[PDB]
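Report on the structure given below.
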Amino acid sequence: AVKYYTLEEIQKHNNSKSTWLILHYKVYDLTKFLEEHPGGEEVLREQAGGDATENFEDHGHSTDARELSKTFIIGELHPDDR
Ligand code: HEM
């Protein structure tokens with residue numbers, strides 16, 4: 001089964017309590033990863049609540065980084081918002 005979230009729901013997760021973002025139509029909860037992120041937390045907080053695909057790809061992440069990201073996926077962007 002797959003859980004779908006709308007852009008409306010996602011934008012609400014951009015506070016000290018929760019940090020969600022979208023990458024290639026998948027929704028990632030990075031709340032607990034902010035402080036472990038090699039690239040820093042500021043770069044992640046600035047994209048919170050929205051689609052950060054271009055920025056993610058812009059910094060060209062390694063295979064290990066991409067494999068690790070999967071553990072934070074909690075769902076996908078609703079087809080109607082794509
Ligand atoms: C949720 C997925 C993410 C994971 C697991 C992750 C993981 C990592 C890891 C492991 C590195 C070290 C280098 C590498 O392996 O590529 C890295 C570096 C970096 N990440 Fe992420 N990252 C994530 C999302 C993002 C996003 C959303 C942005 C920006 C919008 C970002 C910006 C950067 C930057 C600036 C660096 C340093 C690049 C450099 O120094 O040249 N990351 N990330």
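Lettering and numbering for the structure tokens are positional, with chains as A, B, ... in the shown order, residues counted from 1 in each chain, and ligands counted from 1 in the shown order.
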Apply DSSP to the backbone of this structure and, from stretch 10-57 of chain A, keep only the residues in alpha helix (DSSP H); write these as a ChimeraX atom specification.
/A:10-11,42-45,53-57
Please find the residues contacting ligand 1 at a distance of at most 12 Å between atoms, with only C-alpha atoms and all ligand atoms counted, and report them as a PyMOL selection string.
chain A and resi 19-24+26-74
In Å, rounded to a single decimal, give me how far atom CA of residue A:76 is from atom CA of residue A:5.
6.2 Å
Let's see if you can do this: from backbone DSSP, list all strand (DSSP E or B) residues in chain A, as a PyMOL selection string.
chain A and resi 4-5+14+19-23+26-29+51+73-77
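Counting from atom CA of residue A:10, the distance to atom CA of residue A:77 is 8.9 Å.
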Measure the distance from atom CA of residue A:6 to atom CA of residue A:81 in Å and round it to one decimal.
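Interatomic distance, atom CA of residue A:6 to atom CA of residue A:81: 6.5 Å.
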